[PDB]
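Shown here is one chain on its own, the form deposited in one PDB entry, set out as structure tokens.
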């Protein structure tokens, strides 16, 4: 059964231009820019246009939807073919993905360390040696099976590091020390093993198929949107741009039912909030990562 489709009651522009922003709690300067408002409004507009087609039966599978997200995102790249390739390619199971917790991701270090669910662990390094890391281990549950996801790690004997890093540099070379920190920074996110992504992807068509019901209440819809957001963002299916695509898709399904979600709150980067939480936590906290204030 067909669906309403995007609303005609649109968010005020000031809010369009914040759809898919990355409103870092430590630099919402980039949220305010002319280009980033331009980027966001475009995402706003292409979400609804995907919105239009979910309503009509056009987009049959979450993978098709994710394509639309990817097509959109690529047309915003003014970068070139190494970078184009990345935003357009799924992560393959023969690689790992890693985000070092340098700028602009510094706000995250604190989020891991004061996180109730964090462990204290020992991380054994070939260059620095042994390290105390606060470790958050995101895990989903699916069919009743446990799927590790992203693993945050923050190194905590900081003094020893700055000393040891400076030490290590001059021998191997920054060249050879950079090498190491691109992949093995004491502070880093290690993302979902690309191997889990087939079953996650199957799971997402399942959710997608469910959420393009007609019979669902407002509550159970938003739940299913938060989830789809939650899984897609946390799987990080692509080499780059996953956060942008997750939000786009989560929103396109909303608009297909005639919902108009607002921007996310400031300091609430959607894919990080998702990554740093479990599923039901995020589903319930969802409506308030959103700027729902008149």
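By rigid core we mean the largest C-alpha set that fits within 1.5 Å across both forms. Positions refer to the first chain, counted from 1.
This protein has a second form, the form deposited in another entry, left out of what is shown; the following refers to that one.
Just a single entry of 120, 114, 159, 81 exceeds or equals a 2 Å CA shift between the shown form and the other one, which is 81 (rigid core superposed). Relative to the superposed core, residue 130 undergoes a Cα shift smaller than 2 Å between the shown form and the other one. Shown in the overlay between the shown form and the other one, fitted on the rigid core, is a CA shift at residue 95 of 2 Å or greater. A decrease of at least 3 Å in the separation of the C-alpha atoms of residue 81 and residue 37 is found in the other form, compared with the displayed form. Relative to the shown form, the Cα atoms of residue 96 and residue 83 move together by 3 Å or more in the other form.
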